[PDB]
Amino acid sequence: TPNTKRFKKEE
Amino acid sequence: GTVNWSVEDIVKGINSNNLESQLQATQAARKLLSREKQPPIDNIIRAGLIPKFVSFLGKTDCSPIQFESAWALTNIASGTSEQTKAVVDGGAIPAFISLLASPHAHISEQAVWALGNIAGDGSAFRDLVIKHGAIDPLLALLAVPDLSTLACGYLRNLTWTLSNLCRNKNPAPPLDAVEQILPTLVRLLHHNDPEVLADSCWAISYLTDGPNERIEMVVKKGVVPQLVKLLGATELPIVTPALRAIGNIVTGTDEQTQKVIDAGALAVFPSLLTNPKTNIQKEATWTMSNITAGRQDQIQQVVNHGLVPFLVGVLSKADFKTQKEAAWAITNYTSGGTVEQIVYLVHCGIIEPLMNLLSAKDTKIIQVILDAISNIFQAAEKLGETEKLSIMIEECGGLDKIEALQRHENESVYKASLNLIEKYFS
């Protein structure tokens, strides 16, 4: 917590 | 259209020297790379596409291919350290920093995001992003009179990326980077969006997770009152980083701990120490343990705020790791407290749940409890009331447990146990 990395799914 | 291309076709399109063909191939790559189920990150890497993507970040006349490659590179960088390293290895860091100036908000934002993933990998890439000069343009995106005029998702992305620049240790972020970021962080910590608050507060928790000098930079910015306010929020995603930040701060000096108390934090602990989320209770109790390790006047404010019954309650019934923190809070309390404060602790009912935890197989908690009992007897001695405590410990089965601890494998436990027998049960 929280995310070290973030995957962009859409938009 | 660009849906479900093969990597081989993506390669063909990107290696055409046709910008529109490259755009469509890059969008097709982006669509592969943004599917939730096993996006073919390593296949895209192995096809050698990262350098082409990075080169597309510089296609100023060509903002759609900037965006598509930024997104493709973002999701590659979202993966393992090796996958993030491939993005860094392709030169993406200065390219994305240059993209922060894009007049296209969705492209600027995508560069913010990608840098957050890169910095999120660890201290090395975090510091490398900083060395390429990401902080000034990132902060310039937030240099508006009122954050509320910024797009919600845009602001959350900036906050999250800034929080990754504050994140990780060995080493901590560079001090001048922290100093440069902090005023904006303080701005975000006062914003009204729950996700911005949560991530700002996480950032503050990272910055206070360090030596007293790191804590002082944060405390000197005057954020403790706001942290205490967030500590009382209804949203668990806000309480959690607020409590971690407050807990970090009270590992600091007594004066830093005093700011937390002066800001009113102790009044939130009745709720925190009964919070149904186990980790909140655990970290509230850990926080209490570092407050009861403070000065006698700080122990007194714990008393005045009615928090000793709450420690008795956590000791009586909590997740076992929370009970361990509570044992520590009591040992710290009895180590530093006045005779009167220690007497008060017994009157609140500490002895029986303390005794009941001597049945735990954890060796360390046993030493903690034995040491607290020792400290409580020493207070009883100073009143000539040792034996009454002996009966108390007798009547709830505590002496049975102390006796049996002579038979414990650990040397310091068997010793400390046998001593307690030798001075008060003879």
# chains A, B, ... in the order shown; residues from 1 in each chain; ligands from 1

$ residues_around --residues "residue B:195" --least-positions-apart "4" --cutoff "8 Å" --atoms "only C-alpha atoms" --output "VMD selection string"
chain B and resid 156 199 237

$ residues_around --residues "residue B:99" --least-positions-apart "5" --cutoff "12 Å" --atoms "only C-alpha atoms" --output "count of residues only"
31

$ atom_distance --atom1 "atom CA of residue B:413" --atom2 "atom CA of residue B:350"
20.4 Å

$ interface_residues --of "chain A" --to "chain B" --cutoff "7 Å" --atoms "only C-alpha atoms" --output "JSON, numbers by chain"
{"A": [4, 5, 6, 7, 8, 9, 10]}

$ atom_distance --atom1 "atom CA of residue B:181" --atom2 "atom CA of residue B:100"
16.5 Å

$ closest_residue --among "B:342, B:87, B:208, B:133" --to "residue B:382" --atoms "only C-alpha atoms"
B:342

$ atom_distance --atom1 "atom CA of residue B:302" --atom2 "atom CA of residue B:190"
27.7 Å

$ select_by_dssp --residues "stretch 72-298 of chain B" --states "alpha helix (DSSP H)" --output "ChimeraX atom specification"
/B:72-77,81-89,92-99,105-120,123-131,135-141,152-165,175-189,194-208,212-220,224-231,236-249,254-262,269-272,278-291,296-298

$ residues_around --residues "residue B:221" --least-positions-apart "5" --cutoff "8 Å" --atoms "only C-alpha atoms" --output "number ranges by chain"
B: 182-183, 186

$ write_last_selection --atoms "N, CA and C atoms" --output "compact mmCIF listing (two decimals), in the first residue's frame"
# COMPACT_ATOMS: atom_id res chain seq x y z
N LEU B 182 8.20 19.63 -0.82
CA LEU B 182 7.33 19.69 0.36
C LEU B 182 6.23 20.75 0.28
N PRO B 183 6.49 22.01 -0.11
CA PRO B 183 5.39 22.99 -0.10
C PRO B 183 4.22 22.57 -0.97
N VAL B 186 2.38 19.89 0.78
CA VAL B 186 1.52 20.43 1.83
C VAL B 186 0.24 20.99 1.23

$ residues_around --residues "residue B:316" --least-positions-apart "5" --cutoff "9 Å" --atoms "only C-alpha atoms" --output "VMD selection string"
chain B and resid 311 323 350 352 to 354 356 to 357
